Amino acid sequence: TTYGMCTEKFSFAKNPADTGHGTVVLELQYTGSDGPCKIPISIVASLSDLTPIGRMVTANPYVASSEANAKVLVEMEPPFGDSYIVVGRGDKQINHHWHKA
């Protein structure tokens, strides 16, 4: 029993939100109807240095349903300073710049 990587585009349902203890909560929606599937998500230093950095608090999250616009709540621990949240893959990829103080 396995599921594939999600192939369709995600969207940020709300702003990434500072939790107050160095982590960030993000409510995503998945515009695919093809789930359950594994979410391609990482934190990167820049859009050219795509080595994953930081830590996913909600590691390896899945879209759990085939419902349209399925909601997934992810939490991450970016490094201090500037980083990008990158969700989705390829032409479907979206990104969001985060500054952690």
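Don't overthink the numbering: it's just position in the shown sequence, from 1.
- Stretches compared: 72-80, 28-36. Higher mean C-alpha B-factor in the entry: 28-36.
- Per the PDB record, residue ranking by Cα B-factor puts residue 85 in the lowest third of the chain.
- Among the modelled residues of the chain, residue 58 sits in the lowest third by CA temperature factor in this PDB entry.
- Residue-level temperature factors show residue 42 in the lowest third of its chain, judged at the C-alpha atom.
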